[PDB]
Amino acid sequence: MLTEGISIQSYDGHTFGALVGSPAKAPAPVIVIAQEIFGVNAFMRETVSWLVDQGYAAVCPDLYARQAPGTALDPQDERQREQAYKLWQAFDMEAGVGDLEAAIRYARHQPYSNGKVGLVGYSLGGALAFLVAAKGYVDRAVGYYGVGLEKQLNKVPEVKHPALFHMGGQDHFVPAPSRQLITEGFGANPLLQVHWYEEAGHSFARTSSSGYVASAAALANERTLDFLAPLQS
């Protein structure tokens, strides 16, 4: 689901829609939420609701609009998971970073904005949160279980603003040598914070996942909110 009539223009003219949640009380910082591989679906709506309940505004851009606008997939339906994997495989990461930059710009100038913008991503969005952090487009970035971060370690010194990452210890997208490479490499830049959750894999913060872990989801979530709180005016 997306908010009817919201259209944001990216760097190459491609346009995309977004799910927007205005804040309980304005002015407030705006959080751009970077989706998993399922489009702007139930978990994105729940994440918008959560951040609004915590005093933020939120904007979740339709990142699959370059391939299929308005895609919103149920991660519990096998056929939809299959479509999600095909969209992820064809996803242009560089164009995704550009769409996020355009949504972050849109976020800064909304009537209810206090001028500070944060980004929270999960999954594809967690990998995107690291690329956005290396670019410096936001005041603070958060990534949950981003895939393939071990292949982007050369971007670690480009990070000039705080960025926080929650990684699962039983996430098999990140085997033991990849965890060591990420821990050592991120550890060279104090603006990067990474936490490992020993008993959790990916998607541990999503209640609909077979990988949901309540204790890990709650500790990561409170860390995320403590980390975003300095953006509140």
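Residue indices: 1-based, along the sequence shown.
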Averaging the C-alpha temperature factors as deposited, the higher value of 69 to 77 versus 117 to 125 falls on 69 to 77
Looking only at C-alpha temperature factors in the entry, 197 to 205 or 23 to 31, the higher average sits in 23 to 31
Which third of the chain does residue 178 land in by C-alpha B-factor: lowest, middle or highest? highest
What third of the chain, by the recorded C-alpha B-factor, contains residue 56? middle
What third of the chain, by the recorded C-alpha B-factor, contains residue 2? lowest
Determine, from the deposited record, the chain-internal third of the Cα B-factor for residue 143: lowest, middle or highest. lowest
Within this chain, which third does the Cα B-factor at residue 15 fall in: lowest, middle or highest? middle
